[PDB]
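One chain is shown next in structure tokens, namely the form solved without thymidine-5'-phosphate (TMP).
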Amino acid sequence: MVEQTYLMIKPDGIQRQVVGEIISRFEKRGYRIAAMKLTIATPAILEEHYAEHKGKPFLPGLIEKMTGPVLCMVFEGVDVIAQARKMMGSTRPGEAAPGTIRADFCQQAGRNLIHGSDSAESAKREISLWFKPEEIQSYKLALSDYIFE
């Protein structure tokens, strides 16, 4: 049993031109790219994405920072939702562990390069929000026998 998580490179990842490095970290574990799309995030979609924060004082500033180019991604793998969260590291980069994306690339939570789903429920919701069903691609990795038990 594999699962799928929603990962999104934020505008700072695009603008600092580290998209390839981010993708490589997930490919390195044999996670499969099931979907990928460059878009420019808009306030209306971001308000849905961040619905859990509705009415909170920091939400307007969060939406402003995210209004820009983003790379929407779906990666598939064993326990990938929780594992991708571990790979990203703490929301605050100063607290994140060395070897994680936020620790290795970033300084502050408001520019922390990447978003990943926090749960199976949120991954399903986020994938549906950002991707159309036909944009999720089903194929098998050739090295599957050497990646999976």
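Each residue number is its position in the shown sequence, starting from 1.
Here the subject shifts to the form solved in complex with thymidine-5'-phosphate (TMP), a form of this protein not shown in this document.
Q: Exactly one of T91, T67, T39, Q107 has a non-hydrogen atom within 4.5 Å of thymidine-5'-phosphate (TMP) in the entry with it bound; which residue is it?
A: So the residue touching thymidine-5'-phosphate (TMP) in the entry with it bound, by this definition, is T91.
Q: Check whether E121 has any heavy atom within 4.5 Å of a heavy atom of thymidine-5'-phosphate (TMP) in the entry with it bound, and answer yes or no.
A: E121: no, not in contact with thymidine-5'-phosphate (TMP) in the entry with it bound.
Q: Is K86 close enough to touch thymidine-5'-phosphate (TMP) in the entry with it bound, meaning at least one heavy atom pair within 4.5 Å?
A: Because no heavy atom of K86 falls inside 4.5 Å of thymidine-5'-phosphate (TMP) in the entry with it bound, the answer is no.
Q: Could you confirm whether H53 comes within 4.5 Å of thymidine-5'-phosphate (TMP) in the entry with it bound, counting heavy atoms only?
A: Contact with thymidine-5'-phosphate (TMP), yes.
Q: Taking heavy atoms only, is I101 within 4.5 angstroms of thymidine-5'-phosphate (TMP) in the entry with it bound?
A: Outside the cut-off, so no.
Q: Using a 4.5 Å cut-off on any heavy atom, which residues of 54-84 would contact thymidine-5'-phosphate (TMP) in the entry with it bound?
A: The one in contact is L62.
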